[PDB]
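Student: Sharing a structure here in structure tokens format.
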Amino acid sequence: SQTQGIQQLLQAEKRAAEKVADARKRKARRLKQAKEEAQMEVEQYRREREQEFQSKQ
Amino acid sequence: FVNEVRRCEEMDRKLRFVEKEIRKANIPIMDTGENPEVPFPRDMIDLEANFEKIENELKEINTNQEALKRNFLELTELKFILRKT
Amino acid sequence: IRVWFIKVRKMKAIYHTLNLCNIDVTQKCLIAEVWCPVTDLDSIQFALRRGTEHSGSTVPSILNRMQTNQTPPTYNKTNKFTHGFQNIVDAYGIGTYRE
Amino acid sequence: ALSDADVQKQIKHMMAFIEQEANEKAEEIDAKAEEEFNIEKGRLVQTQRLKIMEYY
Amino acid sequence: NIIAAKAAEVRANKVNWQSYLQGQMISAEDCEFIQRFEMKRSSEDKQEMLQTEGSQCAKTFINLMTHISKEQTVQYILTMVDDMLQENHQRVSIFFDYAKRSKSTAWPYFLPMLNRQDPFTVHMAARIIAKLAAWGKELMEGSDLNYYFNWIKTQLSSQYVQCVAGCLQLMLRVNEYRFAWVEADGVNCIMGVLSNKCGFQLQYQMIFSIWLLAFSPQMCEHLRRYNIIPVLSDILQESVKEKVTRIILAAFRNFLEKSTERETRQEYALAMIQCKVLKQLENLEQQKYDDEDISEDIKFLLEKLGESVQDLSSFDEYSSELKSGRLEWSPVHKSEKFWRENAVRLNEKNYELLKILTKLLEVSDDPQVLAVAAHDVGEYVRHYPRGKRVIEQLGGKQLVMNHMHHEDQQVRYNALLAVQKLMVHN
């Protein structure tokens, strides 16, 4: 009866706050993770390019 | 919702002005009727926008024609000057 | 001119009735409580359905019975030969409910 | 009653609303996160690429 | 919602799978699988489901539902099995129903389905399809779906339409394959569903799909060759559903934030030309909404359209069009600033542009350009009476007097306005 009139609001508010906070912390971790994975691929390129330096020599 | 309130107000004022204009035009109304013909679109807003533009150029031509008769008074003065020798 | 006259009249009237509502905190459905004759509520239901067809948005537009202690207003169904006497009797005031 | 069934079908209607707009905003927020990830990764990988170019 | 009611009535009854516990007709070994971890709510069961690795999930159930020809029970069995796929927050994550031994089970098994849109085959196939956009797998052959009738059948015509439309909304997530399918003729199919009249929800999800496409600047350049934005403004005008407006506002924001080249991205002015949406934005300004994103977006729209009008506020483009005879309803023609200040620029050497307009009066009979020229001359004389004297030397007053009798009545009134401007001190 009158009880749905606040349950509507509470469910919507939870569904909004949870995903907003999720995105904030996700970006916070993801910036760092992007740096480290980029560096990992970078050093892999270093290794294989040392290999074709040797082949070229 | 006072935004809807005072836009209702300004359409009212514009309609009052054109009503005064028509009273000066002494053109009677006919009252065709068909009382239920009020629809529910947002097109009413730009329709009355077109109408307020319309009587804006009515005001423009009003000032133009009164200034034009102002000039024409000196024009008649000039032709009277031409008449005398 | 006259059609737009009556149009704008109806517009300000309905906007005034919209002011006469309860804006929920954010619920997109307005909530109101209106006296309705017990002999026309089905006509009101038909009007609500008409609102549904004339604005197709799968909107229910529900009207529900509820009871209160507040005093209802009094109404009289007059006609051509009964309206003048109703004006005469009501010029002196209005009595309690079901008088 | 008739009004009782109206109340119950209202309950399912507002649950349907809740899930609709809630899923909507969820995808909105997730998408925004995706583009911010894309731009940040682009910046950092660009700096790494530059340093690679000078070394090579 | 067909799918919602179908799932609800599915949840009201459980199949007697135990009768075929070791029957190859129905789940000789998968019955023991579904017996295990019946408490699917428990996260311990979630993280121990990977112990199977998919040797039964999506490896024994696969090519076994087709074996069960009895539709009445296999529908319930498959949907109960893939209810896990239905919720699937991260319980799949990186394809926990792995079955790495053969990749035929994982990606390309969708081909036999996409048929029988009534025993839930097509909806289940769509759900299986929708497991790579935001998941740890990728379909090698994008043409095996992009030219398939699982979306060409729903392009016409009906809850299934918006159900598969939502699945397609889930599809458009990453530019790599979005661009690939945009290079196909499916763009024209999107245009076709734009043109036909259908439900408001279908249009809504379609504008959301346009939002999904908006993320790629090069795709925006590709689609710039169409008149989609006029259609966007039209649908904004005709309907107001308080989220379609949000999506359209965000779409314009993303269009004009991804402006790789403003010189070719003329939408900033073309949207204005094909529809004066700024009045709609002003109207939306008056209403306060609980979403601050809307206020930020409308502010961004207002300011960027402001410097759009500033970009269109120039004198050299007007002169270039004057030489070419193109006399439209340009913003400079309605620009009060232009007439107030840059009218001195129109005092050229020999007034060649004004002379060209004078020639256009007697050669061009087009009502529109004549109205533009008449108003321009009227403003020019309004801001430079000696120019009016030069016009009277050229005899242009009698020329406009000839033009008052043109077959286009509004052109007669425009020439009348120009004449009225000519009558100061005259």
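Residue numbering restarts at 1 for every chain of the structure tokens, chains are lettered A, B, ... in their displayed order, and ligands are numbered from 1 as they appear.
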Would you please extract all helix (DSSP H, G or I) residues from stretch 287-363 of chain E, as assigned by DSSP on the backbone, and give them as number ranges by chain?

Tutor: E: 292-312, 316-324, 336-344, 349-363

Student: I need the contact residues of chain C against chain E, so if you could list those with any atom within 10 Å, counting only C-alpha atoms, and return them as a ChimeraX atom specification, that would help.

Tutor: /C:25-26,28,56-57

Student: Residues within 10 Å of residue B:58, please, as a ChimeraX atom specification. Count only C-alpha atoms; anything in the same chain fewer than 6 positions from it doesn't count.

Tutor: /B:18,21,52,64

Student: Figure out the distance between atom CA of residue C:49 and atom CA of residue C:7, please, to one decimal in Å.

Tutor: 23.2 Å

Student: Within 8 Å of chain D, which residues belong to chain A? Use only C-alpha atoms and report them as a PyMOL selection string.

Tutor: chain A and resi 1+4+8+11-12+15-16+19-20+23+26-27+30-31+34-35+38-39+42

Student: Hey, list the chain C side of the contact with chain D: 9 Å cut-off, only C-alpha atoms, answer as a list in words.

Tutor: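 So the residues of chain C near chain D are residues 60, 62, 63, 64 and 65 of chain C.
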
Student: Save out the residues we just selected, C-alpha atoms, as a PDB file, in the first residue's frame.

Tutor:
ATOM      1  CA  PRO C  60      -2.294   2.592 -15.430  1.00  0.00           C
ATOM      2  CA  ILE C  62      -5.640   4.152 -11.121  1.00  0.00           C
ATOM      3  CA  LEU C  63      -8.342   5.573  -8.836  1.00  0.00           C
ATOM      4  CA  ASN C  64      -8.837   3.760  -5.513  1.00  0.00           C
ATOM      5  CA  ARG C  65     -11.417   3.760  -2.724  1.00  0.00           C
TER       6      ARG C  65
END

Student: For residue B:51, work out the shell of residues within 10 Å, counting only C-alpha atoms and skipping chain neighbours fewer than 6 positions away, then give it as a PyMOL selection string.

Tutor: chain B and resi 11+14-15+18+45

Student: Can you work out which residues from chain E touch chain D at a cut-off of 10 Å (counting only C-alpha atoms) and hand them back as a list in words?

Tutor: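 On the chain E side, the interface is residues 169, 170, 173, 174, 208, 212, 215, 243 and 247 of chain E.
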
Student: Restrict the distance test to only C-alpha atoms, flag each residue of chain E within 8 Å of chain B, and return the flagged residues as JSON, numbers by chain.

Tutor: {"E": [286, 420, 423, 425, 426]}

Student: At a cut-off of 10 Å, which residues of chain C touch chain B? Count only C-alpha atoms and give the answer as a PyMOL selection string.

Tutor: chain C and resi 1-13+15-16+18-19+54-55

Student: Put those residues in a file: N, CA, C and O atoms, as an mmCIF file, in the first residue's frame.

Tutor:
data_model
loop_
_atom_site.group_PDB
_atom_site.id
_atom_site.type_symbol
_atom_site.label_atom_id
_atom_site.label_comp_id
_atom_site.auth_asym_id
_atom_site.auth_seq_id
_atom_site.Cartn_x
_atom_site.Cartn_y
_atom_site.Cartn_z
ATOM 1 N N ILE C 1 -8.932 34.330 -33.675
ATOM 2 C CA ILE C 1 -8.350 34.575 -32.345
ATOM 3 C C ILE C 1 -8.997 33.748 -31.229
ATOM 4 O O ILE C 1 -8.329 33.385 -30.246
ATOM 5 N N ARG C 2 -10.298 33.460 -31.338
ATOM 6 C CA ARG C 2 -11.040 32.942 -30.189
ATOM 7 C C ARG C 2 -10.595 31.534 -29.811
ATOM 8 O O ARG C 2 -10.604 31.171 -28.624
ATOM 9 N N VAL C 3 -10.232 30.714 -30.798
ATOM 10 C CA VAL C 3 -9.803 29.359 -30.476
ATOM 11 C C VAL C 3 -8.549 29.404 -29.615
ATOM 12 O O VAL C 3 -8.441 28.681 -28.619
ATOM 13 N N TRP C 4 -7.602 30.286 -29.949
ATOM 14 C CA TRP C 4 -6.394 30.380 -29.142
ATOM 15 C C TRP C 4 -6.684 31.005 -27.786
ATOM 16 O O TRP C 4 -6.039 30.641 -26.794
ATOM 17 N N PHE C 5 -7.636 31.944 -27.723
ATOM 18 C CA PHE C 5 -8.078 32.440 -26.420
ATOM 19 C C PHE C 5 -8.474 31.282 -25.511
ATOM 20 O O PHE C 5 -7.881 31.081 -24.442
ATOM 21 N N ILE C 6 -9.471 30.501 -25.933
ATOM 22 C CA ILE C 6 -9.964 29.429 -25.071
ATOM 23 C C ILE C 6 -8.875 28.392 -24.822
ATOM 24 O O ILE C 6 -8.806 27.802 -23.733
ATOM 25 N N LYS C 7 -8.003 28.158 -25.807
ATOM 26 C CA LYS C 7 -6.895 27.231 -25.606
ATOM 27 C C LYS C 7 -6.020 27.678 -24.446
ATOM 28 O O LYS C 7 -5.771 26.907 -23.516
ATOM 29 N N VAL C 8 -5.560 28.931 -24.472
ATOM 30 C CA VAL C 8 -4.646 29.386 -23.427
ATOM 31 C C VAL C 8 -5.355 29.406 -22.079
ATOM 32 O O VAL C 8 -4.741 29.130 -21.040
ATOM 33 N N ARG C 9 -6.656 29.729 -22.073
ATOM 34 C CA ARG C 9 -7.425 29.642 -20.832
ATOM 35 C C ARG C 9 -7.343 28.237 -20.249
ATOM 36 O O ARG C 9 -6.995 28.051 -19.073
ATOM 37 N N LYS C 10 -7.650 27.231 -21.073
ATOM 38 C CA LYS C 10 -7.582 25.851 -20.606
ATOM 39 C C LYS C 10 -6.174 25.489 -20.155
ATOM 40 O O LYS C 10 -6.002 24.743 -19.186
ATOM 41 N N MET C 11 -5.153 25.999 -20.850
ATOM 42 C CA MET C 11 -3.780 25.681 -20.466
ATOM 43 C C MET C 11 -3.459 26.191 -19.070
ATOM 44 O O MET C 11 -2.939 25.442 -18.234
ATOM 45 N N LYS C 12 -3.746 27.465 -18.791
ATOM 46 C CA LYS C 12 -3.430 27.949 -17.450
ATOM 47 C C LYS C 12 -4.271 27.225 -16.411
ATOM 48 O O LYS C 12 -3.795 26.954 -15.304
ATOM 49 N N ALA C 13 -5.514 26.877 -16.753
ATOM 50 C CA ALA C 13 -6.351 26.154 -15.803
ATOM 51 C C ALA C 13 -5.741 24.797 -15.449
ATOM 52 O O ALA C 13 -5.628 24.438 -14.267
ATOM 53 N N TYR C 15 -2.649 23.880 -15.775
ATOM 54 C CA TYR C 15 -1.388 24.041 -15.062
ATOM 55 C C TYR C 15 -1.636 24.402 -13.602
ATOM 56 O O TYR C 15 -0.891 23.971 -12.713
ATOM 57 N N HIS C 16 -2.689 25.176 -13.331
ATOM 58 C CA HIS C 16 -3.067 25.437 -11.947
ATOM 59 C C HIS C 16 -3.478 24.152 -11.242
ATOM 60 O O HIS C 16 -3.165 23.957 -10.063
ATOM 61 N N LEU C 18 -2.323 21.215 -11.991
ATOM 62 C CA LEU C 18 -1.059 20.518 -11.772
ATOM 63 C C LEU C 18 -0.354 21.049 -10.532
ATOM 64 O O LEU C 18 0.228 20.277 -9.761
ATOM 65 N N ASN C 19 -0.387 22.370 -10.326
ATOM 66 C CA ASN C 19 0.111 22.929 -9.073
ATOM 67 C C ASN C 19 -0.616 22.321 -7.880
ATOM 68 O O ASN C 19 -0.038 22.174 -6.797
ATOM 69 N N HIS C 54 -5.223 8.250 -25.419
ATOM 70 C CA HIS C 54 -4.783 9.528 -25.975
ATOM 71 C C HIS C 54 -3.335 9.853 -25.634
ATOM 72 O O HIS C 54 -2.785 10.804 -26.197
ATOM 73 N N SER C 55 -2.716 9.095 -24.730
ATOM 74 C CA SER C 55 -1.280 9.196 -24.454
ATOM 75 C C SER C 55 -0.809 7.767 -24.194
ATOM 76 O O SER C 55 -0.945 7.248 -23.083
#
